[PDB]
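This document contains two forms of one protein chain, each encoded as structure tokens and listed individually as structure 1 and structure 2.
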Structure 1
């Protein structure tokens, strides 16, 4: 056992952990900045977690293991002058203009500048932000006027994707973060998943803004602006209006969108039901043809990029169904004019996504038909929150409203798409019914749910056994393939999602303080909203969605063939 003294309090412990973790567990404040999720910035450490170890001097608490005999002081004058000095040095390279800053309301650096009363030796007033800003990407934007060189984005990229697409670079003798060879991220092995953004304590990493695309369409007299939100938005955007965690705010979002001036309020969960219609049909077709197996889902554009960049040979095994976003968009330019009278050229389709890679998907050159984009703009959860606040809409006070049903109705199977294993469970509900020409009552597939990085189950379909896997995060895709787990049996259907936890933890989602993250499992609490909706919805299979059935009967015909295959599918390989 070890005896540790911290601020004169004696602890007898058998734990092997860092000073920072031990002190936090015991309600002793130690500041931190570059430390996140059990890693700090190993070169040029920030030292904001400085403490004193008697006999040693100043040490960094976030990466020093406790040892028998240590006498630690966390709040001496010398400690506090060190930390204040380090923050002051960061202010010397930080454009400290929080008024217009997109992290004004939840910035970790501002909280430290306030706590320690730090101020720059010289205000940093960059004059050519075109040089510090890289907006070339369709998904990510770097603003190096805000960058603290804390390396949290680099660490998060490594842990979440193992691509190390985000790197430290030497640019004319100064350190920056960016992509390989300072390329546009899109032109590298980057997945555009935005997990680097989620890790960033400041406004240095952001989504690529589509707010001007949206505002300009709303204000254009002849544009009819459709909006539809992803499953995950209704389980998370309330966090940015101080409503707490795990609050279902679906009805408030519909009201806020109308108050923002959107012309039609639909829902991507309707598109999720469309994707299941096509993809469950495709899975039954492959079961009948004995393959090709495995079929992989194709609805996560981070995974599609990962396949393109690292496993191009699996592209022919991807489902050809468009993603909920893109399948919805396709219908919004074809079916929706047919039931509304809008000129298709004047429809402008906007999605609200928990995701940055969806902006890349929407802007893919072939994601259009007859000159009309499937999807004209994608705004993240964060961007929609900013629009609401800029409009002075009192979100938390709003009354609930409903979506326009024609492409707004959704089943419980669509509702759970945002959680890891949601696509899988939703697709099995329909595929089992299709294959057995039955209306089965047992529809919960709890074995594919939850936060294990690689999940598997054996399922019975029409008196045969099939193996499915759910791959929960891009790093786990690499693990699953490189370890040869894929070889241990014949897999028939595999869901892959780039973001651990599923879209509820996507790159466009609200930032959460790491000290709210202590007490809240954000992945499970956001996902719980979606499973709750499923549990209370009357229709829990995508093919029971009434508005969807009407659309197929009146416009698309039979899923998985013909017209539906013609325009609702996408050749990912070619």
Structure 2
């Protein structure tokens, strides 16, 4: 047994762990910065986690194991001086102007500067930020005047995607982070998943803003602005309004969106039910046609980019159904005018997404018809929160309201899209009913749920056994393919999400402090809201959505045929690179 003494207090433990972990486990305060995802910045350690081990000297707590008889002071004058000195050095390369900053309310660096009363040896005040800023991407932005070179983004990219699209670069003899060859991220193997943003302690990495698109549309007299939120937003955005984790704020969002002046309140969960209508039908068609198997989901634009960039031979195997976002958008410019009298060109469709890659998806040149974009703007969960706060809307105090039903109703199947395994489960509910011409009672596919990276199941459909898999995170797609798992059996239907946990852990989601991530399983807690909705909804199958059924009966016809097939689908092709202008 190890006996260790920390700030005078004796501890008896068998644990083999770091000083930082043990201290955090035992409510002892130790600061940290570059340590995240069980890695610190091995080159250029930040040393913010410095503690004193009597007899040894100053050590970095985040990668120093506890040892029997250690006497540790986390708070000696020597320790605080070192840490304060490290923060001072960072201030020397940091434009410290928190007033207008988009991380002002939850910046890890600001909190450290305050805690240690750090001051720059010389304030960093660049007169021209243009050379520090990269806004070329459809999804990501970089502001290097904020960058601490902590490496958290580089490490998070590697672990979450294994693309290493985010790199340390030598630019004119000075270190920066950025994409390969300092290119626009979009032009590299990057998935635009934004996991790098989520890992950033400061405002250096952000989403490409669509807030001006939205505000200009809202203010244009002739525009009719639709807004529709993704499943995950209602399980997440309350975090930014002091409501804590795992709170369902669906009704509040609807009210807030009306107060922001949006002209129609719909819901992307309605779009998810549409995706299932088409994709479940397509699965049943492929069963009839002996393929092409496997069918892959196509609702995650991070995964679509991964396939385009690494596995172009799989593109024809993707489901042709548009994603919940784009399929909704398509309907919003066609069906919705048909039931409203609106001039289609005056409809402006806005989504709220937990995702940065959705911005790239919405701006794909061919995601339009007759000159009308499926989706005109995509704002992240974070962007919506800022919009609500700017408008002085008292979010946490709002009464609940309802969505406009025509493209706002949703089933429990659509509701769970935000969790890894969600589209798989939702699809199977409809596909098995369709194939067996039945209304089955047993609809919960718990085998495809949860945080395991690769999840498989055998599903009986119309008295044959089919093999399905759920790939949970872009790194696990690479594992699945590179390890040859893909060739161990015939797979028939495979879900792929780029973000581990699914969209509840997307790149547009609220940041979470590393200390809170230690206490809260954010992927599980956000997803729980969605599964809870599913359990409590009367309709738990996409094809039982009454507003959806009306829409097909009155406008689209039958899924996978006719008008539905013509405009609610999208196929990806391998082709020579071009600027999107072409």
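Positions refer to the first chain, counted from 1. Here, rigid core means the biggest group of C-alpha atoms that superpose within 1.5 Å across both forms.
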Quiz item: Which of the listed residues (28, 529, 522, 36) moves its Cα by 2 Å or more between structures 1 and 2 when the core is kept in place?
Solution: 28
Quiz item: After superposition on the rigid core, does the Cα atom of residue 71 shift by at least 2 Å between structures 1 and 2?
Solution: yes
Quiz item: After the core is matched up, is the C-alpha of residue 544 off by 2 Å or more between structures 1 and 2?
Solution: no
Quiz item: 2 Å or more on the CA of residue 56 between structures 1 and 2, with the rigid core superposed, yes or no?
Solution: yes
Quiz prompt | Cα displacement of residue 12 between structures 1 and 2, once the rigid core is superposed (Å) | solution = 4.6
Quiz item: What is the C-alpha shift for residue 219 between structures 1 and 2, rigid core superposed, to one decimal in Å?
Solution: 0.6
Self-check item: Core-referenced Cα shift (Å), residue 123, between structures 1 and 2
Solution: 1.2
